[PDB]
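Just so it is clear, none of the values below were taken in a lab; they were calculated from the coordinates. Positions of Cβ are generated from backbone atoms using ideal geometry, with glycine treated the same way; all protein chains shown enter the neighbour counts.
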Amino acid sequence: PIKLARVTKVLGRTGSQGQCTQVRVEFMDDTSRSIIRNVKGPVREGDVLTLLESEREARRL
Amino acid sequence: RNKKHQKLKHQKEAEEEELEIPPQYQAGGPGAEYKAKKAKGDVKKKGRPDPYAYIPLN
Amino acid sequence: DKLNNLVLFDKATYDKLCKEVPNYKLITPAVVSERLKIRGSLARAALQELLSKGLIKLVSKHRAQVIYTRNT
Amino acid sequence: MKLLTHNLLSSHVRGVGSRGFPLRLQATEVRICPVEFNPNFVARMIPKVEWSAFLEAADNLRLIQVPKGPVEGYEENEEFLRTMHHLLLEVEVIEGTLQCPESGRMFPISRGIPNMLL
Amino acid sequence: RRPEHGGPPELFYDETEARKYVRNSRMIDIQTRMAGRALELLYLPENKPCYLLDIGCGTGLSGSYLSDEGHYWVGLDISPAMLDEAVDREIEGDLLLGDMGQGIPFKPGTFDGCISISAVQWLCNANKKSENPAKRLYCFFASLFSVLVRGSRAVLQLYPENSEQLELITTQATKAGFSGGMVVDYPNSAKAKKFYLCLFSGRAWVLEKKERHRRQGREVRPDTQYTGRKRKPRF
Amino acid sequence: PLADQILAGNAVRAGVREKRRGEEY
RNA sequence: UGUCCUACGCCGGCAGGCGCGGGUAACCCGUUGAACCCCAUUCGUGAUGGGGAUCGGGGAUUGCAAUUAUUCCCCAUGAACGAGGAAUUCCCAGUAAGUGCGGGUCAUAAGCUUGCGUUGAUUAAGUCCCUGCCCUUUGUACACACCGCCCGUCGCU
Ligand SMILES: Nc1ncnc2c1ncn2[C@@H]1O[C@H](CSCC[C@H](N)C(=O)O)[C@@H](O)[C@H]1O
């Protein structure tokens, strides 16, 4: 199912060339879940994202 | 600056082959004369045929 | 393959355009050219010919793009 | 399709290797495409192939009129070589089906390329 | 930058890409030229109609060359659109819509030779998660080694983006049973940098003492051309 | 601290880099 | 920028000729009437009115001298070229790119190299994956070194 979720805080640029951003993401329908996601493109606090499959958390060192 | 780029790109090619070789032995069993001093390119010779490079596989 | 758009109107083509063109909801030399197999000059000339009879409504005109619509 | 290529064909399935050959052929559209007759290629492909594969594939493709044994020679018998050249290199089954005997997976010959996907 | 970097080979080479491929004049020229060097580099029996395997036929450009030389062949391709336009070009050799990394489905010892023009550089990039570059290359090379008549050479024209690509290809080939090497025709030349993995299936003592005394830090005679030279015969 | 080492090894560094790129009368 | 830059008048269709003026210069070319751009016409997916190379003839100009075409003008011919397997260059805002105009080299080139304006963006505000350079620690891994095998068989003088 398609899910929607607000960015809370950005953790920082991740990836080999710094092409992704690791970020703290929380849902709006239930403002209790809190996940780590990695995104492509410029992000800031207050952006809201369309998550296709909202189970796993992103992971990069 | 692009010359050093190209030259040690070829050097890394050679080193990665030479470091492939020992685990290749363990787990299992180039244009030098054709280089032109005056210019970048590939000059024909009469004693030897048209330019090539043979790197044998083990 | 190679397009073979006609340069002067045949009888059947002229009849079907005179009874079909004033209701497309889009009248432009390119679209009538591609659906009637007509070279663009002949399609253009037919379009101001149909505008001359009052059957066709112009909405804007340009040196690159002139666009029409039906009356009602 | 060429009969020689399909009768040297096998199955790429991991389990059935390497004994899944031969394929059991099927035909629904047969055409004849002319191919240059080089008798050297014929005389070199004659010792290569199993002839019982020709028997079973021709019986799959409804045809019986083939030589029953290995026709070995110095390219002097024009009529055997010509007919068997017609059978392999010129008879083309444009549309058809294939099934592996040891897996059952289906491969459609669809004008005129069979499919070999997972 | 690179067609390979785009992504999955089938998805990249769609109907649009296939149309532009045969429309490209360079493609026609460079591919026929590379197939000529390929058939020459692999030492096929002279004056003998051969039986090669087109591992990357695509539009049937290399295949049409083999047809003109009189060598019958079988094509293999992951792009459906490219194989459609290859059969629209009416090539003599048979075609087969299959994956190289998956495995070539022919009797061990069937093809006397194999032509692969720009197709093996696509096997070093995992386009899917299940895809494993090393495994895919190895499986393909092992299948080719068996399918190829033990002894016949399989020329493999490739376009490496780095040394890691070449390294992987070579290791997975040598451990599969493929022996030979790589002929980089015109290696210095960049527009003619053609990598073809040909793979068949079958006084000095006085100088040292003076340097010793120099390192010991005492006064040493300056080094000239008369350092060690026989003054005379001795009776 | 072992918790700090594991958390820092599992997270990404961020922050410090200063890039220098680029009327009244 | 200019004592070769040129206004103006006449002739020729065009390269170009004749005469008469200004400028040693924010004074004259020059209110530098530039090109892209804008408006209107024709062309219709066709190696075609796209593309212009290579050629045939004629005219003019600079020079002692133009032949192997100095250059320019007119008429004719309309080649490859269908967006480039593959190596790679430069670049973060009036910037890239599109588009014209000047200076130096010059009896005449256009072709180099330097500047200028006009129209005006896509992506990005990051990283050490490749490359270059700089540091710190280290010489423990691999290599070099050390030891060992140092290829075996028969045949005559
Ligand atoms: N795993 C794979 N299995 C089969 N074909 C593959 C493949 N990876 C790439 N290819 C093929 O590689 C080709 C690249 S182009 C090959 C055609 C060749 N240059 C010629 O014209 O002669 C594509 O046609 C694609 O189908």
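Kindly indicate which of E:207, E:158, E:199 is touching a strand residue (DSSP E or B) at 6+ places or on another chain (Cβ under 6 Å) and away from every other protein chain (no Cβ under 12 Å).
After applying the criteria, what remains is E:158.
Determine, yes or no, whether residue A:43 is within 16 Å of RNA strand G (Cβ to nearest atom), among the hydrophobic types (A, V, I, L, M, F, W, C) and either more than 14 Å from chain F (Cβ to nearest Cβ) or in contact with an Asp or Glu (Cβ under 9 Å, 6 or more places away or on another chain) (or both).
Here the answer is no, as residue A:43 does not meet what is asked.
Report whether or not residue C:2 is away from chain E (no Cβ under 14 Å), within 30 Å of residue E:19 (Cβ to Cβ) and away from the ligand (no atom under 16 Å from the Cβ).
For residue C:2, the condition - away from chain E (no Cβ under 14 Å), within 30 Å of residue E:19 (Cβ to Cβ) and away from the ligand (no atom under 16 Å from the Cβ) - is met.
Can you list residue pairs whose Cβ atoms sit under 9 Å apart, with the first residue in segment E:83-98 being more than 7 Å from chain D (Cβ to nearest Cβ) and the second being surrounded by 16 or more Cβ atoms within 10 Å (Cβ to Cβ) and basic (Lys, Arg)? Count only pairs 6 or more apart in sequence or on different chains.
Listed by first residue and then by second, the contacts come to E:93/D:2.
Of the conditions (1) more than 16 Å from RNA strand G (Cβ to nearest atom); (2) of a type outside the set (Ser, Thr, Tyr); (3) within 11 Å of chain D (Cβ to nearest Cβ), residue E:128 satisfies every one except a single condition; which number is it?
(3)
For segment E:145-184, give me each residue that is under 23 Å from residue D:9 (Cα atoms), part of a strand (DSSP E or B) and touching a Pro at 6+ places or on another chain (Cβ under 9 Å).
E:148 - this is the single residue of segment E:145-184 that is under 23 Å from residue D:9 (Cα atoms), part of a strand (DSSP E or B) and touching a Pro at 6+ places or on another chain (Cβ under 9 Å).
Pull out all pairs, ordered by first then second residue, where Cβ-Cβ is under 7 Å, the residues are six or more apart or on different chains, the first lies in segment E:111-123 and is closer than 16 Å to residue E:10 by Cα and within 14 Å of chain D (Cβ to nearest Cβ), and the second is more than 10 Å from RNA strand G (Cβ to nearest atom) and outside any helix (DSSP H, G or I).
none
Tell me, which residue of segment E:13-39 that is more than 17 Å from residue E:86 (Cα to Cα) and surrounded by 13 or more Cβ atoms within 10 Å (Cβ to Cβ) is nearest to RNA strand G (Cβ to nearest atom)?
The residue in question is E:30.
Restricting attention to segment B:16-57, report how many residues are over 24 Å from residue E:177 (Cα atoms) and not in a loop (DSSP other than H, G, I, E, B).
Of the residues in segment B:16-57, 2 are over 24 Å from residue E:177 (Cα atoms) and not in a loop (DSSP other than H, G, I, E, B).
Return the pairs, sorted by first residue and then second, in which the second residue is aromatic (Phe, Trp, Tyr), the first residue lies in segment B:44-56 and is closer than 29 Å to residue E:169 by Cα, the beta carbons are less than 6 Å apart, and the residues are 6+ apart or on different chains.
B:51/B:34; B:51/E:186
Could you please find all residues in segment D:2-28 being touching an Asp or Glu at 6+ places or on another chain (Cβ under 6 Å) and either assigned to a loop (DSSP other than H, G, I, E, B) or not β-branched (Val, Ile, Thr) (or both)?
D:2, D:16, D:20, D:28
Return yes when residue B:32 is of a type in the set (A, V, I, L, M, F, W, C), surrounded by fewer than 13 Cβ atoms within 10 Å (Cβ to Cβ), within 11 Å of the chain's Cα centre (by Cα) and within 10 Å of chain E (Cβ to nearest Cβ) and no when it is not.
yes
Of C:58, C:17, C:26, C:3, which residue is within 15 Å of RNA strand G (Cβ to nearest atom) and in contact with a strand residue (DSSP E or B) (Cβ under 9 Å, 6 or more places away or on another chain)?
C:58
How about segment A:30-49: which of its residues are within 11 Å of the chain's Cα centre (by Cα) and either surrounded by 12 or more Cβ atoms within 10 Å (Cβ to Cβ) or over 11 Å from residue A:6 (Cα atoms) (or both)?
Of everything in segment A:30-49, those that are within 11 Å of the chain's Cα centre (by Cα) and either surrounded by 12 or more Cβ atoms within 10 Å (Cβ to Cβ) or over 11 Å from residue A:6 (Cα atoms) (or both) turn out to be A:34, A:35, A:36, A:37, A:38, A:39, A:40, A:43, A:47, A:49.
Suppose the filter is more than 9 Å from the ligand (Cβ to nearest atom), within 18 Å of residue D:115 (Cβ to Cβ), at the interface with chain D (Cβ under 8 Å from one of its Cβ atoms) and assigned to a strand (DSSP E or B); does residue E:74 pass it?
Criteria met by residue E:74.
Name the pairs: first residue in segment B:6-19 and over 13 Å from residue E:170 (Cα atoms) and more than 9 Å from chain E (Cβ to nearest Cβ), second residue within 10 Å of RNA strand G (Cβ to nearest atom) and in a helix (DSSP H, G or I), Cβ to Cβ under 8 Å, at least 6 apart or on different chains?
Qualifying pairs under 8 Å: none.
Between B:23, B:51, which is within 9 Å of another protein chain (Cβ to nearest Cβ) and touching a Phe, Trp or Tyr at 6+ places or on another chain (Cβ under 7 Å)?
Checking each option against the conditions leaves just B:51.
If you check residue D:48 against the conditions, is it surrounded by 13 or more Cβ atoms within 10 Å (Cβ to Cβ) and part of a loop (DSSP other than H, G, I, E, B)?
yes
Within the bounds of segment D:1-22, is there any residue that is surrounded by fewer than 17 Cβ atoms within 10 Å (Cβ to Cβ) and away from every other protein chain (no Cβ under 14 Å)?
The answer is no, given that none of the residues of segment D:1-22 is surrounded by fewer than 17 Cβ atoms within 10 Å (Cβ to Cβ) and away from every other protein chain (no Cβ under 14 Å).
Does residue C:58 satisfy the criteria of being surrounded by fewer than 13 Cβ atoms within 10 Å (Cβ to Cβ) and more than 11 Å from the chain's Cα centre (by Cα)?
no
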